[PDB]
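Take a look at the structure below.
Number of protein chains: 2
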Amino acid sequence: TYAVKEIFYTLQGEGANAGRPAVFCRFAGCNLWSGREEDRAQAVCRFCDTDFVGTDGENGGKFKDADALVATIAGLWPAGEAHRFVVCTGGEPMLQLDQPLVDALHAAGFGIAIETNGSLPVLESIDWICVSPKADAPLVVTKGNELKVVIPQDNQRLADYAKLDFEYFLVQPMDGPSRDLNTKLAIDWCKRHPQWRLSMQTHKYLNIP
Amino acid sequence: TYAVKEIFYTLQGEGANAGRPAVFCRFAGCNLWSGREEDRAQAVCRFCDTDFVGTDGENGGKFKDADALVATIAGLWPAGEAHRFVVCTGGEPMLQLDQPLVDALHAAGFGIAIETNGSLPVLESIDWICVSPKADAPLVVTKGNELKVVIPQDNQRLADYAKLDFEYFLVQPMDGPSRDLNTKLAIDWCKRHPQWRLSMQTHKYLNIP
Ligand SMILES: C[S@@+](CC[C@H](N)C(=O)[O-])C[C@H]1O[C@@H](n2cnc3c(N)ncnc32)[C@H](O)[C@@H]1O
Ligand SMILES: C[S@@+](CC[C@H](N)C(=O)[O-])C[C@H]1O[C@@H](n2cnc3c(N)ncnc32)[C@H](O)[C@@H]1O
Ligand SMILES: Nc1nc2c(c(=O)[nH]1)N[C@@H](C(=O)O)CN2
Ligand SMILES: Nc1nc2c(c(=O)[nH]1)N[C@@H](C(=O)O)CN2
Ligand code: SF4
Ligand code: SF4
Ligand SMILES: [Mg+2]
Ligand SMILES: [Mg+2]
Ligand code: NA
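Residue numbers (my numbering), protein chains in the order written: chain A, 1 to 209; chain B, 210 to 418.
Structure follows, in structure tokens:
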């Protein structure tokens, strides 16, 4: 059983795969925030820009098994076209993503990406692992493909993140009332510490889902 | 001897390396347009968004040899930082970029990217080869890292490009009076033919050089 907020076909807006066509599968629920506004100020992760509460979005629902979810995912892909790619997100996808879903996605020809806060162990048969550490939460995933850090956060040891085992190290400006401010901070950080690259939320500039 | 319009340190705005700190070395001159506005309407490449005429830009000039050019490029990199990366552009860089320049940049710790219109042979020792084919020019570079196609151009055979030997296939919307239209075109193209990915000119959205 999977509880999914929404499933939609678009371009990956963020990270090293930005611009790439992908089905997004947004799981409902997170382990660092209830998703309720009354709880935000007290949450472990307090800056979230996403609605992940419930199963009422586009193609959202409770899926009885893996095959059912994969059928909905595959159905959104253009007919006759390869390069199938799904981004498992949320919410915190590692609350629900399991080996049977991964195996069924692969069997259907999908490459698999995950967006995870890094507080839960990941399945290493996932093809692309993106970890986005929250400064007040534990980080138990210390290796993957890209480490995408949202900045600024209090209590952050930003330069130390570079000692972890990732292919790409990215900073992403925190969206909110200070986005242009944070974008200037993030550009300056990379230029001073060029191991790091800038990840924009391009879908917000493109105004696409 | 090298004629350089400008040299500057910023983030790569385009392609698969978008977001990455880089020294841009913009060579003066192109083989597909004189760079004069009165010639634009009759040129082979007519949509250019760049000023590549003369050597009067920031750090621009005539460099007596490779060592002199490399010294200026190296001097823009943050002191004590590695991951040195230079993007050779213009203009058409393959009018001037030769083996001794490539060797000197490599000796100075630089990885080398090129932005080329593909109408001229490129040096295989270049680390990152980006080809941007112009519809009314010969295309002799048929292998590389990324093929970044500006759309729409008349006479374009877009699907044919995907048969070439590149790792990444990107469409980049043509800036000009129809940039928003063209962006929607490019997004739709990728979603219909997901071998292709979108390349935004992010430096124009971030308002950075
Ligand atoms: C909503 S999270 C879902 C996946 C998982 N919960 C995580 O945090 O990675 C998707 C991505 O957007 C980032 N994000 C969330 N809120 C953001 C904000 N206000 N500004 C910028 N990025 C944000 C997250 O850090 C993460 O990289
Ligand atoms: C100015 S060219 C210099 C390198 C080489 N002459 C070339 O054409 O690739 C730099 C890059 O910007 C792209 N470009 C130029 N004018 C553009 C425009 N109006 N809109 C979008 N991309 C453009 C080119 O296609 C190329 O990929
Ligand atoms: N197009 C698009 N790409 C995204 C997001 C989103 O909401 N839209 N947000 C992030 C997510 O929710 O995983 C990552 N990339
Ligand atoms: N930041 C930045 N990145 C760029 C460009 C540019 O002008 N600025 N234009 C392109 C170029 O001139 O080669 C490639 N990417
Ligand atoms: S961990 Fe991810 S899904 Fe949960 S609140 Fe933070 S950004 Fe949102
Ligand atoms: S080939 Fe490149 S540099 Fe020359 S006019 Fe066209 S876009 Fe500009
Ligand atoms: Mg989101
Ligand atoms: Mg330019
Ligand atoms: Na901080």
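Note that the Cβ used here is the ideal one computed from N, Cα and C, for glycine as well.
{"Query": "Between the CA atoms of B:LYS357 and residue 425 of chain B - distance to the nearest angstrom", "Result": "Not covered by the structure: residue 425 of chain B. The range shown for chain B is 210 to 418."}
{"Query": "Sequence-distant residues of the same chain with beta carbon closer than 8 Å to B:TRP286, five excluded per side", "Result": "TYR218, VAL232, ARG293"}
{"Query": "B:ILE396 beta carbon near ligand 3 (any heavy atom closer than 8 Å)", "Result": "no"}
{"Query": "Identity of the residue in B:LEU379, B:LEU394, B:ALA395 nearest B:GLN404 by Cα", "Result": "B:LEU379"}
{"Query": "For B:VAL279 and A:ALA137, the rounded distance between their alpha carbons", "Result": "45 Å"}
{"Query": "Check: B:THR219 C-beta below 8 Å from any heavy atom of ligand 8", "Result": "no"}
{"Query": "Where A:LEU206 falls, given that 16 or more other Cβ within 10 Å makes a residue buried", "Result": "buried"}
{"Query": "Exercise answer, beta-carbon shell around ligand 7 heavy atoms below 6 Å", "Result": "A:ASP49, A:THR50"}
{"Query": "A:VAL4 and A:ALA28 closer than 9 Å at C-beta", "Result": "yes"}
{"Query": "Under 7 Å by beta carbon: chain A residues contacting B:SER408", "Result": "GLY19"}
{"Query": "Contact under 9 Å by Cβ, B:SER408 with B:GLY224", "Result": "yes"}
{"Query": "Listed by chain order, chain B residues near A:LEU11 by CB distance under 9 Å", "Result": "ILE396, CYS399, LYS400, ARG406, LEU407"}
{"Query": "Chain-order list of residues whose beta-carbon lies under 6 Å from that of B:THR392 (same chain, five-residue window excluded)", "Result": "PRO382"}
{"Query": "Test item: CB-CB of B:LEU329 and B:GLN308 under 9 Å", "Result": "no"}
{"Query": "B:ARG235 classed as buried or exposed, judged by whether at least 16 other C-beta atoms fall within 10 angstroms", "Result": "buried"}
{"Query": "Through-space distance from A:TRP33 to B:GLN362, alpha-carbon basis", "Result": "48 Å"}
{"Query": "Neighbour list for B:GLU247 in chain A, Cβ cutoff strictly below 7 Å", "Result": "Correct list: empty, because the minimum Cβ distance to chain A is about 35 Å."}
{"Query": "Cβ-heavy atom distance, residue 185 of chain B to ligand 6, below 8 Å", "Result": "This structure does not reach residue 185 of chain B, given that chain B is present from 210 up to 418, and the question cannot be answered."}
{"Query": "Where B:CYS339 sits in the DSSP three-state scheme", "Result": "strand"}
{"Query": "Cβ neighbours of B:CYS239 in the same chain (closer than 7 Å, five flanking residues each side left out)", "Result": "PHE261, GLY299, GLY300, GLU301"}
{"Query": "Near-chain A residues of the stretch 320 to 339 of chain B - C-beta to any C-beta below 8 Å", "Result": "none"}
{"Query": "Nearest-angstrom Cα separation, counted from B:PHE272 out to B:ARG401", "Result": "47 Å"}
{"Query": "A:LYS163 (DSSP reduced to helix, strand or coil)", "Result": "helix"}
{"Query": "Residue range of the unbroken beta strand (DSSP E) whose run includes B:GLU246", "Result": "First-last for B:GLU246: 246 to 249, but that is the alpha helix (DSSP H), not the beta strand (DSSP E)."}
{"Query": "Residue range of the alpha helix (DSSP H) that includes B:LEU348", "Result": "Careful: B:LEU348 lies outside any alpha helix (DSSP H) and carries neither H nor E."}
{"Query": "Classification of B:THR210 by the beta-carbon crowding that lies within 10 angstroms, buried from 16 upward", "Result": "exposed"}
{"Query": "Contacts around B:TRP337, its chain only, beta-carbon distance under 6 Å, and the 5 residues preceding and following it disregarded", "Result": "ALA322, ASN354"}
{"Query": "Residues, ordered as in the chain, of the stretch 58 to 86 of chain A that lie near chain B by beta-carbon distance below 7 Å", "Result": "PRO78, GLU81, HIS83"}
{"Query": "Neighbour flag for A:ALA16 against chain B, beta carbons, 9 Å", "Result": "yes"}
{"Query": "9 Å Cβ cutoff, A:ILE7 in contact with chain B", "Result": "no"}
{"Query": "Cβ-heavy atom distance, A:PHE24 to ligand 3, below 8 Å", "Result": "yes"}
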